[PDB]
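Participant: So that you have it, the file is run20.cif, and it contains mmCIF, C-alpha atoms and all ligand atoms:
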data_run
#
loop_
_atom_site.label_atom_id
_atom_site.label_comp_id
_atom_site.auth_asym_id
_atom_site.auth_seq_id
_atom_site.Cartn_x
_atom_site.Cartn_y
_atom_site.Cartn_z
CA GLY A 1 59.55 13.96 -0.23
CA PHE A 2 56.01 15.08 0.57
CA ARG A 3 53.25 12.55 0.01
CA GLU A 4 49.56 12.99 -0.71
CA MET A 5 47.01 10.73 0.95
CA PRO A 6 46.03 7.70 -1.17
CA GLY A 7 43.39 8.58 -3.72
CA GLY A 8 44.43 12.21 -3.68
CA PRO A 9 41.43 13.55 -1.73
CA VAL A 10 41.11 17.36 -1.66
CA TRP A 11 38.58 19.94 -0.56
CA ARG A 12 36.77 21.20 -3.62
CA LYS A 13 35.98 24.48 -1.91
CA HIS A 14 38.11 27.30 -0.47
CA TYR A 15 35.78 28.48 2.30
CA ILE A 16 36.26 25.83 4.96
CA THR A 17 34.82 25.89 8.45
CA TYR A 18 36.10 24.24 11.61
CA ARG A 19 34.65 23.83 15.06
CA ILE A 20 36.22 22.87 18.36
CA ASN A 21 34.05 20.07 19.69
CA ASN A 22 35.47 20.23 23.21
CA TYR A 23 38.45 21.56 25.14
CA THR A 24 41.27 19.74 26.87
CA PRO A 25 41.48 20.68 30.56
CA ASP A 26 45.28 20.86 30.29
CA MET A 27 45.23 24.24 28.62
CA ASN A 28 43.29 27.43 29.05
CA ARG A 29 40.30 27.67 26.71
CA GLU A 30 41.68 30.69 24.84
CA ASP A 31 45.16 29.22 24.42
CA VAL A 32 43.49 26.30 22.68
CA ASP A 33 41.64 28.63 20.33
CA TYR A 34 44.89 30.47 19.65
CA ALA A 35 46.82 27.27 18.94
CA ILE A 36 44.28 25.96 16.43
CA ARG A 37 43.64 29.35 14.81
CA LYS A 38 47.36 29.83 14.24
CA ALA A 39 47.72 26.25 13.01
CA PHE A 40 45.09 26.81 10.31
CA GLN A 41 46.69 30.12 9.38
CA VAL A 42 49.95 28.28 8.65
CA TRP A 43 48.12 26.64 5.77
CA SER A 44 46.00 29.65 4.69
CA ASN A 45 49.17 31.67 4.14
CA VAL A 46 50.35 29.41 1.32
CA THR A 47 47.09 28.46 -0.40
CA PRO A 48 43.77 29.89 -1.61
CA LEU A 49 42.12 28.20 1.39
CA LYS A 50 40.33 30.22 4.06
CA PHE A 51 39.40 28.72 7.40
CA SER A 52 36.62 30.05 9.58
CA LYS A 53 35.79 29.01 13.14
CA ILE A 54 32.13 28.40 14.01
CA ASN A 55 30.54 27.57 17.36
CA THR A 56 27.25 26.08 16.19
CA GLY A 57 26.23 24.05 13.17
CA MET A 58 28.14 21.45 11.20
CA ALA A 59 31.73 22.42 10.42
CA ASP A 60 33.83 20.87 7.66
CA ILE A 61 36.57 20.10 10.16
CA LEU A 62 35.79 19.05 13.71
CA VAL A 63 38.52 19.34 16.34
CA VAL A 64 38.19 16.97 19.28
CA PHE A 65 40.12 15.75 22.31
CA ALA A 66 39.45 12.09 23.06
CA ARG A 67 40.73 9.21 25.19
CA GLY A 68 41.02 5.56 24.13
CA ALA A 69 38.09 4.27 22.07
CA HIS A 70 36.11 7.30 20.94
CA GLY A 71 33.73 6.20 18.19
CA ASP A 72 35.76 6.03 14.97
CA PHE A 73 37.45 2.59 15.13
CA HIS A 74 40.78 4.35 15.67
CA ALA A 75 41.35 4.00 19.42
CA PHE A 76 43.98 6.06 21.23
CA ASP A 77 46.63 4.32 23.35
CA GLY A 78 46.90 6.29 26.59
CA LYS A 79 49.81 8.64 27.33
CA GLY A 80 52.62 8.19 24.83
CA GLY A 81 52.59 6.51 21.44
CA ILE A 82 49.87 8.02 19.28
CA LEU A 83 49.46 11.75 19.85
CA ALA A 84 46.69 12.55 17.39
CA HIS A 85 45.21 11.55 14.06
CA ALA A 86 43.06 13.23 11.43
CA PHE A 87 41.17 12.26 8.30
CA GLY A 88 41.49 13.32 4.68
CA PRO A 89 39.08 15.77 2.99
CA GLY A 90 35.53 14.49 2.69
CA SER A 91 32.18 14.91 4.39
CA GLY A 92 31.33 13.30 7.72
CA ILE A 93 34.45 12.42 9.71
CA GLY A 94 36.45 13.70 6.75
CA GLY A 95 38.80 16.52 7.71
CA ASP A 96 38.32 15.91 11.44
CA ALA A 97 41.30 16.07 13.80
CA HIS A 98 41.46 14.09 17.03
CA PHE A 99 43.96 14.63 19.81
CA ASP A 100 44.66 11.99 22.43
CA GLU A 101 43.46 13.48 25.73
CA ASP A 102 45.82 11.13 27.59
CA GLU A 103 48.71 13.29 26.38
CA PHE A 104 49.41 16.50 28.27
CA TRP A 105 48.67 19.41 25.95
CA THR A 106 50.74 22.56 26.45
CA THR A 107 51.19 25.99 24.91
CA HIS A 108 54.93 25.32 24.84
CA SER A 109 57.02 22.21 25.62
CA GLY A 110 55.91 21.08 29.07
CA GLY A 111 54.29 18.14 27.31
CA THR A 112 52.89 17.72 23.81
CA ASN A 113 52.60 21.01 21.93
CA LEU A 114 49.05 21.49 20.61
CA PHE A 115 49.94 24.02 17.89
CA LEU A 116 52.71 21.93 16.30
CA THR A 117 50.70 18.73 16.49
CA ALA A 118 47.73 20.63 15.04
CA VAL A 119 49.71 21.96 12.09
CA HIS A 120 50.72 18.40 11.23
CA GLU A 121 47.15 17.15 11.75
CA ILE A 122 45.51 19.87 9.67
CA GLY A 123 47.96 18.85 6.96
CA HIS A 124 46.11 15.54 6.90
CA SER A 125 42.73 17.28 7.05
CA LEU A 126 43.73 19.00 3.81
CA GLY A 127 44.94 15.90 1.96
CA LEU A 128 48.65 15.64 2.77
CA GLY A 129 50.26 12.37 3.72
CA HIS A 130 53.57 11.76 5.45
CA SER A 131 56.74 13.30 4.07
CA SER A 132 60.10 11.54 3.83
CA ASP A 133 61.75 14.96 4.26
CA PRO A 134 62.82 15.04 7.94
CA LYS A 135 62.53 18.82 8.16
CA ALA A 136 58.95 18.93 6.89
CA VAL A 137 56.13 19.38 9.42
CA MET A 138 54.45 16.40 7.76
CA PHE A 139 57.38 14.19 8.76
CA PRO A 140 55.97 11.35 10.95
CA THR A 141 58.12 12.35 13.92
CA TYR A 142 57.06 14.75 16.66
CA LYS A 143 59.78 17.18 17.70
CA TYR A 144 59.32 20.43 19.59
CA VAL A 145 60.82 23.45 17.87
CA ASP A 146 60.55 27.14 18.64
CA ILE A 147 56.91 28.08 18.13
CA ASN A 148 57.35 31.84 17.91
CA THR A 149 59.55 31.36 14.85
CA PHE A 150 57.99 28.26 13.31
CA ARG A 151 57.74 28.08 9.53
CA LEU A 152 56.53 25.54 6.97
CA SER A 153 59.37 23.80 5.16
CA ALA A 154 59.75 24.17 1.39
CA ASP A 155 58.57 20.56 1.10
CA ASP A 156 55.29 21.24 2.92
CA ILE A 157 54.51 24.35 0.89
CA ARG A 158 55.47 22.59 -2.32
CA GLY A 159 53.28 19.66 -1.35
CA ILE A 160 50.22 21.60 -0.19
CA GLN A 161 50.24 23.80 -3.30
CA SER A 162 50.49 20.74 -5.54
CA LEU A 163 46.93 20.17 -4.30
CA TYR A 164 45.52 23.71 -4.12
CA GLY A 165 48.32 25.81 -5.62
CA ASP A 166 48.35 29.59 -5.12
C1 LIG B 1 54.19 16.94 14.42
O1 LIG B 1 52.89 16.38 14.64
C2 LIG B 1 52.70 15.06 14.96
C3 LIG B 1 51.42 14.55 15.34
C4 LIG B 1 51.24 13.22 15.66
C5 LIG B 1 52.34 12.28 15.64
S1 LIG B 1 52.18 10.59 16.05
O2 LIG B 1 53.43 10.18 16.64
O3 LIG B 1 51.01 10.44 16.89
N1 LIG B 1 51.93 9.70 14.64
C6 LIG B 1 53.05 9.49 13.68
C7 LIG B 1 53.87 8.21 13.83
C8 LIG B 1 55.22 8.21 14.24
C9 LIG B 1 55.89 6.98 14.34
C10 LIG B 1 55.21 5.80 14.03
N2 LIG B 1 53.92 5.77 13.64
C11 LIG B 1 53.29 6.95 13.54
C12 LIG B 1 50.52 9.42 14.17
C13 LIG B 1 50.22 10.47 13.04
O4 LIG B 1 50.74 10.50 11.92
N3 LIG B 1 49.27 11.45 13.37
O5 LIG B 1 48.94 12.38 12.50
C14 LIG B 1 50.01 8.02 13.72
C15 LIG B 1 50.13 6.99 14.87
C16 LIG B 1 48.57 7.96 13.16
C17 LIG B 1 53.61 12.82 15.26
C18 LIG B 1 53.78 14.15 14.93
CA CA B 2 48.66 8.28 23.16
CA CA B 3 34.35 16.61 8.91
CA CA B 4 45.20 15.57 28.66
ZN ZN B 5 39.62 9.49 16.43
ZN ZN B 6 50.46 12.16 10.71
#
How does the structure come out when it is put into structure tokens?
Facilitator:
Amino acid sequence: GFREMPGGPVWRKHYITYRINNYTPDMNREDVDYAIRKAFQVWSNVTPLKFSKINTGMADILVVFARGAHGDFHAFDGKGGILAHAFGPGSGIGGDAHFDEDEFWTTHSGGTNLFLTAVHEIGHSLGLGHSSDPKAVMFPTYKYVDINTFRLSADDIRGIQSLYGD
């Protein structure tokens, strides 16, 4: 059972921009770009949404790696516990995705997988809440799965399209 964030916030545009505010030292700069790019694509593939990376200017979605208290009244808790959090569509912090820098970000499973976490986070950026369906990416539980073969569950697609269709 997919859920939509309270209020049902959605982007009213299809051309959405994102920008990587900073890079975690755990991964190689380009692996980070790859992870996020691929994470956005997971959602582009099933909706009329198009995501474009920018390096300067104000992006709709800001991606940032932060530790503890980082200026949004949603403090991280050190390694473990909270992995990341994002905000529903809207201007300002809206759509932004934060990743706890106290976690160890990896391209695979050596620690916390950026890509997978990012897919789940971007789901929030777009207006999706937590799903009760345990096999949905929007399920509140982190669980590493093969990345090279990853695929959105029927629940996720059904939920994301109930907001933007396709
Ligand atoms: C697959 O991607 C994931 C990304 C982050 C997480 S998370 O464990 O950090 N988490 C979910 C959660 C689980 C259990 C209890 N409370 C909260 C945060 C969440 O939902 N972030 O988006 C929550 C504390 C705000 C889990 C999975
Ligand atoms: Ca943490
Ligand atoms: Ca924003
Ligand atoms: Ca780290
Ligand atoms: Zn934050
Ligand atoms: Zn979540």
Participant: Kindly indicate which residue among A:10, A:69, A:5, A:157 lies nearest to ligand ZN 6 (chain B), using all atoms listed in the file for the distances.
Facilitator: A:5
Participant: What residues of the protein or nucleic acid chains come within 7 Å of ligand CA 3 (chain B) when you use all atoms listed in the file? Reply as a list in words.
Facilitator: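 Residues lying within 7 Å of ligand CA 3 (chain B): residues 59, 60, 61, 62, 90, 91, 92, 93, 94, 95 and 96 of chain A.
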Participant: Which residues of chain A come within 12 Å of ligand CA 2 (chain B), and for each one, what is the closest pair of atoms and their distance in Å to one decimal, counting only C-alpha atoms and all ligand atoms, sorted by chain and residue number, as a Markdown table?
Facilitator:
| residue | atom | partner | partner_atom | distance |
| --- | --- | --- | --- | --- |
| A:65 | CA | B:CA2 | CA | 11.4 |
| A:66 | CA | B:CA2 | CA | 10.0 |
| A:67 | CA | B:CA2 | CA | 8.2 |
| A:68 | CA | B:CA2 | CA | 8.2 |
| A:69 | CA | B:CA2 | CA | 11.4 |
| A:74 | CA | B:CA2 | CA | 11.6 |
| A:75 | CA | B:CA2 | CA | 9.3 |
| A:76 | CA | B:CA2 | CA | 5.5 |
| A:77 | CA | B:CA2 | CA | 4.5 |
| A:78 | CA | B:CA2 | CA | 4.3 |
| A:79 | CA | B:CA2 | CA | 4.3 |
| A:80 | CA | B:CA2 | CA | 4.3 |
| A:81 | CA | B:CA2 | CA | 4.6 |
| A:82 | CA | B:CA2 | CA | 4.1 |
| A:83 | CA | B:CA2 | CA | 4.9 |
| A:84 | CA | B:CA2 | CA | 7.4 |
| A:85 | CA | B:CA2 | CA | 10.3 |
| A:98 | CA | B:CA2 | CA | 11.1 |
| A:99 | CA | B:CA2 | CA | 8.6 |
| A:100 | CA | B:CA2 | CA | 5.5 |
| A:101 | CA | B:CA2 | CA | 7.8 |
| A:102 | CA | B:CA2 | CA | 6.0 |
| A:103 | CA | B:CA2 | CA | 6.0 |
| A:104 | CA | B:CA2 | CA | 9.7 |
| A:105 | CA | B:CA2 | CA | 11.5 |
| A:112 | CA | B:CA2 | CA | 10.4 |
Participant: Show me, as a PDB file with C-alpha atoms, in the frame of the given file, the residues that have an atom within 10 Å of residue 97 in chain A when counting only C-alpha atoms, minus same-chain residues fewer than 5 positions from it.
Facilitator:
ATOM      1  CA  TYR A  18      36.100  24.240  11.610  1.00  0.00           C
ATOM      2  CA  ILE A  20      36.220  22.870  18.360  1.00  0.00           C
ATOM      3  CA  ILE A  61      36.570  20.100  10.160  1.00  0.00           C
ATOM      4  CA  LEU A  62      35.790  19.050  13.710  1.00  0.00           C
ATOM      5  CA  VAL A  63      38.520  19.340  16.340  1.00  0.00           C
ATOM      6  CA  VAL A  64      38.190  16.970  19.280  1.00  0.00           C
ATOM      7  CA  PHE A  65      40.120  15.750  22.310  1.00  0.00           C
ATOM      8  CA  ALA A  84      46.690  12.550  17.390  1.00  0.00           C
ATOM      9  CA  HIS A  85      45.210  11.550  14.060  1.00  0.00           C
ATOM     10  CA  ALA A  86      43.060  13.230  11.430  1.00  0.00           C
ATOM     11  CA  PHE A  87      41.170  12.260   8.300  1.00  0.00           C
ATOM     12  CA  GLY A  88      41.490  13.320   4.680  1.00  0.00           C
ATOM     13  CA  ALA A 118      47.730  20.630  15.040  1.00  0.00           C
ATOM     14  CA  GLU A 121      47.150  17.150  11.750  1.00  0.00           C
ATOM     15  CA  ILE A 122      45.510  19.870   9.670  1.00  0.00           C
ATOM     16  CA  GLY A 123      47.960  18.850   6.960  1.00  0.00           C
ATOM     17  CA  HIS A 124      46.110  15.540   6.900  1.00  0.00           C
ATOM     18  CA  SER A 125      42.730  17.280   7.050  1.00  0.00           C
TER      19      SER A 125
END
Participant: Which polymer residues have any atom within 12 Å of an atom of residue 34 in chain A, counting all atoms listed in the file, with same-chain residues fewer than 2 positions away left out, as a PyMOL selection string?
Facilitator: chain A and resi 20+27-32+36-41+53+106-107+114-115+118
Participant: Store the residues picked out above, limited to C-alpha atoms, as an mmCIF file, in the coordinates of the input.
Facilitator:
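Listed below is the output, selection-v1.cif:
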data_model
loop_
_atom_site.group_PDB
_atom_site.id
_atom_site.type_symbol
_atom_site.label_atom_id
_atom_site.label_comp_id
_atom_site.auth_asym_id
_atom_site.auth_seq_id
_atom_site.Cartn_x
_atom_site.Cartn_y
_atom_site.Cartn_z
ATOM 1 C CA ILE A 20 36.220 22.870 18.360
ATOM 2 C CA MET A 27 45.230 24.240 28.620
ATOM 3 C CA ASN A 28 43.290 27.430 29.050
ATOM 4 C CA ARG A 29 40.300 27.670 26.710
ATOM 5 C CA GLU A 30 41.680 30.690 24.840
ATOM 6 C CA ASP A 31 45.160 29.220 24.420
ATOM 7 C CA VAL A 32 43.490 26.300 22.680
ATOM 8 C CA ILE A 36 44.280 25.960 16.430
ATOM 9 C CA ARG A 37 43.640 29.350 14.810
ATOM 10 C CA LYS A 38 47.360 29.830 14.240
ATOM 11 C CA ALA A 39 47.720 26.250 13.010
ATOM 12 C CA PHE A 40 45.090 26.810 10.310
ATOM 13 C CA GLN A 41 46.690 30.120 9.380
ATOM 14 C CA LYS A 53 35.790 29.010 13.140
ATOM 15 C CA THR A 106 50.740 22.560 26.450
ATOM 16 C CA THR A 107 51.190 25.990 24.910
ATOM 17 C CA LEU A 114 49.050 21.490 20.610
ATOM 18 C CA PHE A 115 49.940 24.020 17.890
ATOM 19 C CA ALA A 118 47.730 20.630 15.040
#
Participant: At what distance in Å, to one decimal, does CA of residue 35 in chain A lie from CA of residue 15 in chain A?
Facilitator: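 Pair CA of residue 15 in chain A / CA of residue 35 in chain A returns 20.0 Å.
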Participant: Quick one: distance from atom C6 of ligand LIG 1 (chain B) to CA of residue 146 in chain A in Å, one decimal?
Facilitator: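 Result for atom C6 of ligand LIG 1 (chain B) versus CA of residue 146 in chain A: 19.8 Å, one decimal.
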Participant: Using all atoms listed in the file, which of the listed residues (A:164, A:116, A:110, A:55) sits closest to residue 151 in chain A?
Facilitator: A:116
Participant: Between A:165, A:26, A:72, A:16, which has the minimum distance to residue 54 in chain A (counting only C-alpha atoms)?
Facilitator: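 Looking only at the distances to residue 54 in chain A, the closest residue turns out to be A:16.
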Participant: Mind giving me the straight-line distance from CA of residue 12 in chain A to atom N3 of ligand LIG 1 (chain B) in Å, one decimal?
Facilitator: 23.2 Å
Participant: Using all atoms listed in the file, which of the listed residues (A:159, A:71, A:25, A:48) sits closest to residue 133 in chain A?
Facilitator: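 Of A:159, A:71, A:25, A:48, the one nearest residue 133 in chain A is A:159, counting all atoms listed in the file.
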Participant: I'd like to know which of A:161, A:141, A:56, A:148 is closest to ligand LIG 1 (chain B), using all atoms listed in the file.
Facilitator: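 Closest to ligand LIG 1 (chain B) of all the choices is A:141.
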Participant: Find the residues near residue 155 in chain A: any atom within 9 Å, counting all atoms listed in the file, skip ones fewer than 2 places away on the same chain, and give them as a ChimeraX atom specification.
Facilitator: /A:1-2,131,133,135-138,152-153,157-160
Participant: My list of candidates is A:44, A:6, A:113, A:126. Which is closest to ligand CA 4 (chain B) when distances are computed with all atoms listed in the file?
Facilitator: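 Closest to ligand CA 4 (chain B), using all atoms listed in the file: A:113.
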Participant: Taking only N, CA, C and O atoms, show range 90-104 of chain A of the given structure as a PDB file, in the first residue's frame.
Facilitator:
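Output saved as selection.pdb:
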ATOM      1  N   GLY A  90       7.918  21.433  -3.390  1.00  0.00           N
ATOM      2  CA  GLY A  90       7.659  22.775  -2.914  1.00  0.00           C
ATOM      3  C   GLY A  90       8.920  23.573  -3.136  1.00  0.00           C
ATOM      4  O   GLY A  90       9.968  22.987  -3.397  1.00  0.00           O
ATOM      5  N   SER A  91       8.845  24.895  -3.043  1.00  0.00           N
ATOM      6  CA  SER A  91      10.041  25.699  -3.250  1.00  0.00           C
ATOM      7  C   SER A  91      10.821  25.784  -1.946  1.00  0.00           C
ATOM      8  O   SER A  91      10.302  25.421  -0.890  1.00  0.00           O
ATOM      9  N   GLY A  92      12.063  26.255  -2.016  1.00  0.00           N
ATOM     10  CA  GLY A  92      12.884  26.335  -0.820  1.00  0.00           C
ATOM     11  C   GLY A  92      13.477  24.963  -0.524  1.00  0.00           C
ATOM     12  O   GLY A  92      14.039  24.319  -1.414  1.00  0.00           O
ATOM     13  N   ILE A  93      13.346  24.493   0.713  1.00  0.00           N
ATOM     14  CA  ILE A  93      13.890  23.186   1.057  1.00  0.00           C
ATOM     15  C   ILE A  93      13.108  22.082   0.350  1.00  0.00           C
ATOM     16  O   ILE A  93      13.591  20.959   0.220  1.00  0.00           O
ATOM     17  N   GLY A  94      11.900  22.410  -0.103  1.00  0.00           N
ATOM     18  CA  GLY A  94      11.068  21.433  -0.785  1.00  0.00           C
ATOM     19  C   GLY A  94      11.781  20.647  -1.872  1.00  0.00           C
ATOM     20  O   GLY A  94      12.433  21.228  -2.742  1.00  0.00           O
ATOM     21  N   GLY A  95      11.658  19.322  -1.825  1.00  0.00           N
ATOM     22  CA  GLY A  95      12.292  18.475  -2.820  1.00  0.00           C
ATOM     23  C   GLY A  95      13.734  18.106  -2.508  1.00  0.00           C
ATOM     24  O   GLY A  95      14.303  17.222  -3.148  1.00  0.00           O
ATOM     25  N   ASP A  96      14.331  18.770  -1.521  1.00  0.00           N
ATOM     26  CA  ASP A  96      15.721  18.501  -1.157  1.00  0.00           C
ATOM     27  C   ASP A  96      15.907  17.145  -0.477  1.00  0.00           C
ATOM     28  O   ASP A  96      15.028  16.668   0.253  1.00  0.00           O
ATOM     29  N   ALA A  97      17.061  16.530  -0.730  1.00  0.00           N
ATOM     30  CA  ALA A  97      17.388  15.228  -0.158  1.00  0.00           C
ATOM     31  C   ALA A  97      18.707  15.290   0.601  1.00  0.00           C
ATOM     32  O   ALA A  97      19.754  15.630   0.038  1.00  0.00           O
ATOM     33  N   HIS A  98      18.649  14.952   1.883  1.00  0.00           N
ATOM     34  CA  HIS A  98      19.832  14.978   2.729  1.00  0.00           C
ATOM     35  C   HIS A  98      20.262  13.572   3.116  1.00  0.00           C
ATOM     36  O   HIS A  98      19.432  12.719   3.436  1.00  0.00           O
ATOM     37  N   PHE A  99      21.566  13.334   3.074  1.00  0.00           N
ATOM     38  CA  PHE A  99      22.106  12.035   3.423  1.00  0.00           C
ATOM     39  C   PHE A  99      23.061  12.210   4.587  1.00  0.00           C
ATOM     40  O   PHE A  99      23.955  13.051   4.555  1.00  0.00           O
ATOM     41  N   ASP A 100      22.849  11.424   5.630  1.00  0.00           N
ATOM     42  CA  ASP A 100      23.689  11.474   6.817  1.00  0.00           C
ATOM     43  C   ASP A 100      25.131  11.103   6.448  1.00  0.00           C
ATOM     44  O   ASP A 100      25.413   9.969   6.049  1.00  0.00           O
ATOM     45  N   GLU A 101      26.034  12.068   6.591  1.00  0.00           N
ATOM     46  CA  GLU A 101      27.441  11.864   6.278  1.00  0.00           C
ATOM     47  C   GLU A 101      28.140  10.957   7.300  1.00  0.00           C
ATOM     48  O   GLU A 101      29.282  10.552   7.095  1.00  0.00           O
ATOM     49  N   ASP A 102      27.466  10.639   8.400  1.00  0.00           N
ATOM     50  CA  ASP A 102      28.064   9.751   9.386  1.00  0.00           C
ATOM     51  C   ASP A 102      27.868   8.298   8.976  1.00  0.00           C
ATOM     52  O   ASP A 102      28.358   7.391   9.640  1.00  0.00           O
ATOM     53  N   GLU A 103      27.131   8.072   7.891  1.00  0.00           N
ATOM     54  CA  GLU A 103      26.949   6.714   7.379  1.00  0.00           C
ATOM     55  C   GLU A 103      28.091   6.558   6.389  1.00  0.00           C
ATOM     56  O   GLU A 103      28.683   7.555   5.966  1.00  0.00           O
ATOM     57  N   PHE A 104      28.424   5.327   6.020  1.00  0.00           N
ATOM     58  CA  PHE A 104      29.492   5.134   5.044  1.00  0.00           C
ATOM     59  C   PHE A 104      28.854   4.824   3.697  1.00  0.00           C
ATOM     60  O   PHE A 104      28.345   3.727   3.482  1.00  0.00           O
TER      61      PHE A 104
END
